[PDB]
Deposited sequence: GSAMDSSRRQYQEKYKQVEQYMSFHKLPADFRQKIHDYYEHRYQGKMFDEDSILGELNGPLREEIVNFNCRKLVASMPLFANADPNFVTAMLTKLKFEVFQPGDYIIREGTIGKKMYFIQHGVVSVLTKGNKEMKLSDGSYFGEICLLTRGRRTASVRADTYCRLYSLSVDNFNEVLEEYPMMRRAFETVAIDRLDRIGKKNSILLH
């Protein structure tokens, strides 16, 4: 029950923080829902727990939590299992709410995202497109080191895994040939 207690107490700290900065009612309701969707009423010192484990256990855990995400993406499903583990280990779980700008067009992109669950809207000057479970986006800038070619907003609640450009290149340093998978997707999107 110590996990729920930590959540309850922590959220109390949040309410007091929002009250201190006099945040509007609608904004506090948004913060409240984010915490609900993101932690589901439970909190553990994850960093501390995973830090107490060893490489093998941490890799087994991330592989288990991402089993579905993996089987749904040919990128991971047909790849060297060691490549998948290397990738998964670098991912950061993030939750975005409806309407949130995940990626803003024209800005310098330093991360890409894998959709665990949810729907995002991609806008290039017109013609909106949707991406859902099993797809990823934001790879163009990690490859070009340029500026975002489109904006991406969350349509539904989005449970995503982000990957920094540095971690992206680090993993590909060990698995150079996997860069082509990302380039194929980037090329196909740029020629659309």
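*Asks:* Counting from 1 along the deposited sequence, what's missing?
*Replies:* Coordinates drop out over 1-4, 129, 198-207.
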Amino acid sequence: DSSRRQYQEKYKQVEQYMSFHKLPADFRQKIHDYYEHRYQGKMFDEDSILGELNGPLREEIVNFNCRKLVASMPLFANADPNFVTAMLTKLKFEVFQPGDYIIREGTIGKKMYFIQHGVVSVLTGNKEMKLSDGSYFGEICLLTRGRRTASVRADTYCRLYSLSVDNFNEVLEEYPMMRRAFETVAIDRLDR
From here on, numbers count along this sequence of modelled residues.
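Between two forms, the rigid core is defined as the largest C-alpha subset superposing within 1.5 Å.
*Asks:* In 8 other deposited structures of this protein, superposed on the rigid core, which stretch sits farther off in Cα RMS terms, 150-158 or 41-49?
*Replies:* Higher root mean square deviation of C-alphas in 8 other deposited structures of this protein is shown by 41-49.
*Asks:* Out of 97-105 and 71-79, which one drifts farther from the shown form in 8 other deposited structures of this protein in terms of CA positions, with the fit done on the rigid core?
*Replies:* Between the two stretches, 71-79 moves farther in 8 other deposited structures of this protein.
*Asks:* Mean Cα B factor from the PDB record: higher for 36-44, or higher for 152-160?
*Replies:* According to the PDB entry, the answer is 36-44.
*Asks:* Comparing average C-alpha B factors as deposited, tell me which of 83-91 and 70-78 sits higher.
*Replies:* Averaging CA B-factors over each stretch, the winner is 70-78.
*Asks:* Consider only the C-alpha atoms of the modelled residues in this chain, order them by B-factor as the entry records it, and name the third containing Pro56: lowest, middle or highest.
*Replies:* As the PDB entry reports it, the C-alpha B-factor of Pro56 lands in the lowest third of its chain.
*Asks:* Give the position of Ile31 by CA B-factor within its chain, expressed as the lowest, middle or highest third.
*Replies:* Tercile = middle for this residue's CA B-factor.
*Asks:* Lowest, middle or highest third of the chain for the C-alpha temperature factor of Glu170?
*Replies:* Middle third by C-alpha B-factor.
*Asks:* Can you tell me which third, lowest, middle or highest, the CA B-factor of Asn126 falls into for its chain?
*Replies:* Ranked within chain, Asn126 CA B lands in the highest tercile.
*Asks:* Please say which third, lowest, middle or highest, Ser135 falls into when its CA temperature factor is compared across its chain.
*Replies:* Lowest third - that is where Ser135 ends up once the chain's C-alpha B-factors are sorted.
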